[PDB]
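First to last, the protein sequences are chains X and B. Taking the working numbering, the leading residue of the first sequence gets 1, the next gets one more, and so forth. Taking the working numbering, the leading residue of the second sequence gets 1, the next gets one more, and so forth.
2 protein chains.
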Amino acid sequence: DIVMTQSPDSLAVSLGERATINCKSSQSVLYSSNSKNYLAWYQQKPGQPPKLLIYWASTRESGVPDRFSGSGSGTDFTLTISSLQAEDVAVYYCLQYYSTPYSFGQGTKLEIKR
Amino acid sequence: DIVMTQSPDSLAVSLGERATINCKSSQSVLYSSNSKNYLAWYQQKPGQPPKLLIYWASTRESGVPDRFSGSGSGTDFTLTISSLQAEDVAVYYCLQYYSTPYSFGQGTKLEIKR
């Protein structure tokens, strides 16, 4: 059972600035045969179900703005949102779908800084 | 934490036939304020990240075929696939995104009968 750990649990960022979200997997999710990281990032906006943002660690789901970028490999991953916009307020989750049972991180609540 | 009990583990189907997958949550995932079930169904074809099919128990994701339908409210949910197609041969998981940690059911592997 792979455990996903995100940090920070809460993040306050100003409009137009950069937001950084971390996720660590207890075991590597990099598969040797195809060199792919079975790591994905989800965005759950208020009143909506979680939506897929990035998979394979850095591939953006069609429709997702380029300001959302994923990086990392093995056990250390990062989600970066450049130029934060008001609509980006939500809870972000990382997911490992390398081996069942698939598991999410505990989430990072992103809010606009007071 | 909420536990998702999915069944059956494996399902051998014939093209054009109707497939039924069941999933029960250890606690109700029905939120009072919006009267919505924080329950989703995902499809995972080979070599692809999990793909969202249905959320709010019965709301289909855009682009998802009408032959996929979700039913149930509270704790007992059902995913039905009518007029089964070769493309539908995959593994299916129910997901509860009511409260962290989010959790998937064990999963149901769909295959064509010999």
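All C-beta atoms, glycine included, are put in the ideal place defined by N, C-alpha and C.
Through-space distance from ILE81 (chain B) to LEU110 (chain B), alpha-carbon basis:
Rounded to the nearest angstrom, the two C-alpha atoms are 11 angstroms apart.
Let me know if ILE21 (chain B) comes out buried or exposed under the rule of 16 or more other beta-carbons within 10 Å of its beta-carbon.
If you draw a 10 Å sphere on the C-beta of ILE21 (chain B), you find 16 or more other C-beta atoms in it, and that means buried.
With 7 angstroms as the threshold, decide whether the Cβ of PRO49 (chain X) is near any Cβ in chain A.
In the displayed structure, chain A is absent; the protein chains listed are X and B.
Could you tell me which whole beta strand (DSSP E) segments of length 3 or greater appear in the stretch 21-54 of chain B?
The qualifying runs are 39-44.
Terminal residues of the continuous beta strand (DSSP E) containing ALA12 (chain B)?
Under the DSSP assignment, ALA12 (chain B) falls in the beta strand (DSSP E) whose first and last residues are 10-13.
With a Cβ-Cβ cutoff of 7 angstroms, do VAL29 (chain X) and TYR102 (chain X) count as a contact?
No, they are not a contact pair.
In the DSSP assignment, the beta strand (DSSP E) including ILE81 (chain X) goes from what residue to what residue?
For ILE81 (chain X), the uninterrupted beta strand (DSSP E) run begins and ends at 76-81, by DSSP.
Under 7 angstroms by beta carbon: chain X residues contacting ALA40 (chain B):
Going along chain X in sequence order, the residues near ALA40 (chain B) (Cβ under 7 angstroms) are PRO49.
Buried or exposed: where does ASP88 (chain X) fall if 16 or more other Cβ atoms within 10 Å of its Cβ makes it buried?
It is buried - the Cβ of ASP88 (chain X) has at least 16 other Cβ atoms within 10 Å.
Across the stretch 1-15 of chain X and the stretch 55-72 of chain B, are there enough close Cβ pairs to call them in contact, namely three or more that are closer than 8 angstroms?
Here the stretch 1-15 of chain X makes no contact with the stretch 55-72 of chain B; the two share fewer than three CB pairs at distances below 8 angstroms.
How long is the line joining the alpha carbons of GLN27 (chain B) and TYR38 (chain B), rounded to whole angstroms?
Rounded to the nearest whole angstrom, the C-alpha separation of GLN27 (chain B) and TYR38 (chain B) is 11 angstroms.
Quick check on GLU87 (chain X): does DSSP put it in helix, strand or coil?
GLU87 (chain X) carries a helical assignment under DSSP once its states are collapsed to helix, strand and coil.
The beta strand (DSSP E) enclosing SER73 (chain X), as first and last residue numbers
Note, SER73 (chain X): beta strand (DSSP E), 68-73.
Closer than 6 angstroms by C-beta to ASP1 (chain B): which residues in its own chain qualify, once you throw out the five before and the five after it? Chain order, please.
Contacts found: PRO101.
Distance, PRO49 (chain X) Cα to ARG114 (chain X) Cα:
The straight-line gap from Cα to Cα measures roughly 26 angstroms.
If we call anything under 7 angstroms between Cβ atoms a contact, is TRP41 (chain X) one with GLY72 (chain X)?
Their beta carbons are not under 7 angstroms apart, which means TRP41 (chain X) does not touch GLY72 (chain X) by this criterion.
Could you compute how far the alpha carbon of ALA19 (chain X) sits from the alpha carbon of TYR93 (chain X)?
So the alpha carbons of these two residues sit roughly 14 angstroms apart.
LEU52 (chain X): buried (16+ other C-beta within 10 angstroms of its C-beta) or exposed?
With 16 or more neighbouring CB atoms inside 10 Å of its own CB, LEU52 (chain X) falls in the buried class.
Measuring only the C-alpha atoms, how far is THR78 (chain B) from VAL91 (chain X)?
Separation of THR78 (chain B) and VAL91 (chain X) (C-alpha to C-alpha, rounded to the nearest whole angstrom) is 27 angstroms.
Looking at chain B, is there any beta carbon in it that lies within less than 7 angstroms of the beta carbon of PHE68 (chain X)?
By this cut-off, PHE68 (chain X) is not an interface position.
Over the uninterrupted beta strand (DSSP E) stretch that includes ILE2 (chain B), give me the two end residues.
For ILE2 (chain B), no beta strand (DSSP E) segment is defined, and its DSSP state is neither H nor E.
Test: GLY63 (chain X) CB closer than 7 angstroms to a CB of chain B
Closer than 7 angstroms: no.
Might you give, ordered along the chain, the residues of its own chain that have their beta carbon closer than 7 angstroms to the beta carbon of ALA86 (chain B), omitting 5 neighbours on each side?
Once the five neighbours on either side are set aside, the close Cβ partners of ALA86 (chain B) are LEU15.
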